[PDB]
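Two forms, one chain: they're shown below as structure tokens, one block per form, named structure 1 and structure 2.
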Structure 1
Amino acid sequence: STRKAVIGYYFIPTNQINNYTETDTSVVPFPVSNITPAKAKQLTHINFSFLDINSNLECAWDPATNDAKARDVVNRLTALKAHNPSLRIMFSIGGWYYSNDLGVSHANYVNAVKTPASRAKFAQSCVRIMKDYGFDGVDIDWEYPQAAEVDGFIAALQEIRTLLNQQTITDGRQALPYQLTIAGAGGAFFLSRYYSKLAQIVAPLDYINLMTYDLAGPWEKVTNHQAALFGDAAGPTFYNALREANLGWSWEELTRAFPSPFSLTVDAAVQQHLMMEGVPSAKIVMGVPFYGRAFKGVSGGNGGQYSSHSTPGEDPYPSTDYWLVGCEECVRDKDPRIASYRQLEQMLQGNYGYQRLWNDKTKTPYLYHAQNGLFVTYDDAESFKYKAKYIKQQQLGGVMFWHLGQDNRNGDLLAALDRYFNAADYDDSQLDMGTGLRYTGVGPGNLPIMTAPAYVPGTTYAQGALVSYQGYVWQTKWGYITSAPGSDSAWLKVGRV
């Protein structure tokens, strides 16, 4: 079996690069030296983040970056390749801060993909930056191009692919080609922006890393799991934005591919991607979070799940009240709404009042502070057993995560992921995926194999008539159909032969 990708983000703020040190945790919490040889071997990719697209419409580091210190940090990462011949140090362009619709550099993203000339100049800058700093690939994290910017985004990706494939030949990297990936939406709302052209977006990529997290948060009215694998009927449900994408499909087609409302889960994002033709499962990578989201002012009854709350949803945290008991990291980061798994693990074992609970439908853990009314949704080594089994069962390309500095000091989360995919003595054949809700949509990309008597010319077909014909099973949408399946909108293609 081909090894599953394990893609971890290495994120460092500009000021940390400008004051990089591997000997003062109060200045650089997570220096490159914390990525021991053992951890380097459990990773296949490290996404260095984040670079941006400047006003000159080229890939570039934050202008305030001390270049020499930046190269030194990157060199330290590249040196880890000594312990793992498959390791690739990618760099990520974008991220929410720089590129969301209201982010500071949004216009640059829109403008860089606008014309053949802007695209050429942009694609060149990505490869140049890649070669100059010694990176092994380009990862684009634009959150997210809108419907009109999509064809341009696609041309940009194709252009970068062309240049990278050329660079691979020029550098003798046939054995470890340069790669191209993007962080893709892991939720229908953002996904609906480019969904209709998913095949063209994925074609030039080695992997599309789904951000299947942040699926719940203080901006929503009711608390919920931010990365549930499957759905919980007792949990909130959402409008399936995909049924409104510019697909050109019929009512029937739209309805059967996009049930609404539905459970916003990791399984939903993966299955929605697999519903489209030309989106190979092997390129789909499941993103997981090494952090949890916290809410205050929750009620009792369901251990804090599906409750109203009083947590501010704006960025930055519009207050100075650090109410996440025991979360020291939250005080230094001035935000009690997010906490690394490292910090959560310490809070859990420090007698702070948290009770760890488990939702066996969503297959994810959660914390409930009954005394203060706090709820935290997060992921751990146990939820990763199911996600890892799903990744194997669905034949996905692998896993991705944000971010390395949030794992505990022993790197247990990374180690668990590596174990679930590669340990010869780990056996998950008896691991039960449970009865949580699965995404029920069916599209052109995942039609099931079926059998039905073959269409007989001359027969009058009633409503709901199933006849195999031309390599597909077709069903009539209404009665008195006497036409051949395929050239009358009265027929619905429902299966493969």
Structure 2
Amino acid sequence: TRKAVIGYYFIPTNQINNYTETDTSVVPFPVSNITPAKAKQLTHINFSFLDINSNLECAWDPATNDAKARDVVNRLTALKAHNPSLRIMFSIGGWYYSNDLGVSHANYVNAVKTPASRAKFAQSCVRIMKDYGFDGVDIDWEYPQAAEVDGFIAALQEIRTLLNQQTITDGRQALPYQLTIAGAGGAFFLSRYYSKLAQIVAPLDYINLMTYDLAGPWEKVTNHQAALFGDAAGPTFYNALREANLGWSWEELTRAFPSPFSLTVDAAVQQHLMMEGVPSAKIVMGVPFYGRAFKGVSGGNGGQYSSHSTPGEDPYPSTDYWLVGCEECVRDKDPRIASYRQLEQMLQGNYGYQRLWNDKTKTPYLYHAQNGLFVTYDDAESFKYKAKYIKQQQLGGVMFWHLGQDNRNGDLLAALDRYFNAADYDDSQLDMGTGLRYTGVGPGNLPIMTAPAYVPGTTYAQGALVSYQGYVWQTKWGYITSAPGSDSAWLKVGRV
């Protein structure tokens, strides 16, 4: 019942190998920066990232110094002394390793191919968990394609079976080992496995939606990267879910998936809740602790919805770290991404940025009038609306990328914990606004309705409603003599 607050702790292999808690030049965010107060505000820390090797087993990256790796992980599990309920999970995958064109992509595909490969892979996940002292497994494959989905599902079920046996063997009933995955937060990648969402979520404790990065340099016009609700003035997109292999009829597809639609956090959450068998309590909303920056924008609407000239490649070519005042962008060699920590310092600098607010999307943005820069990010104010949304929709909690990007005081994490748990915070009157809501209707969110029982032998007119086998149905055309479900002439429109 306590909402989950899942923070990623991302540490590159080079920083593990040279770990140190006293030189921010080498390790910007050491474990010691996670104080007892922050440890009590978290429910899960996702250590990232591990990978799947050529032997099709969960494994640390080959360049990892195992003695150092163990030392970092032990410092994380030590945090449990301050919060007995905290779980240190490990994440496998991430964009770099697992995307279609990623370095280890083939290992993900092959690991879940056969009954034999799956068993071996599942056992290796439990082995790494026990050997290093982790509390559970998170898999971040971005993302399995339609043909790989059945194998993925079978592999999750196998891991669930082994974790459940391990929880009993280890006497962990009070804090069972858990299994989660990161899921797409936008329709284009979600369409890959959408038709099997219920089977994917069944063995999980949570599915952590990556409801951010919804706007990037790969887009034609600038936009908010995590708009909660839509702005009619902003761009709209093709609803890729209408093309998923669902087997539904044209009317069913059209009412579930309006197109074009606004690519927002609310749309991703509602698309998951439209599927039958997907409980709201397992859905976790992801939020970013960073902003994305664009250059070459136009004046007019504060940099919003403007064409721009930002390079979209990985990586980026030394050309000016044009992000004014972002020192962090210089050591990371990319001015397109900045941590909230860096953003805060840029705002209260004398750099020339202005903080503006979009009251439909309920998100802030920075505009640099002089240099034509646009930055979309989230802060403690946008989090009020997202936390209220989580509570109203009865979602499982929130997840964020990533811990090292919060400011020194841990203000972003403290805000989320306050909105869910503080006795002196009350959002009963917070105005959620008039932004556009996703209005598709699917099997999972049909309205409850009342209708007279279907009577065999009866001829029905167009638009007639009847109740049959737990649902209310409506005729799509006239003179119908067939029963609901036996004919393509009936459309399921309600339940009960």
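Between two forms, the rigid core is defined as the largest C-alpha subset superposing within 1.5 Å. The first residue in the sequence of structure 1 is number 1, and each one after it adds one.
Summary of the rigid-body analysis between the two structures: the C-alpha atoms of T451 and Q305 are best fitted by different parts' superpositions. Remark: the rigid domain rotation between the two structures, smaller part against larger, is 18°, computed from C-alpha superpositions. Comparing between the two structures on a rigid core frame, one finds that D52 has its C-alpha moved by 0.3 Å. The two forms line up on their rigid core, and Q470 then has its Cα shifted by 4.4 Å between the two structures.
Core-superposed comparison between the two structures: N351 shows a Cα shift of 1.1 Å.
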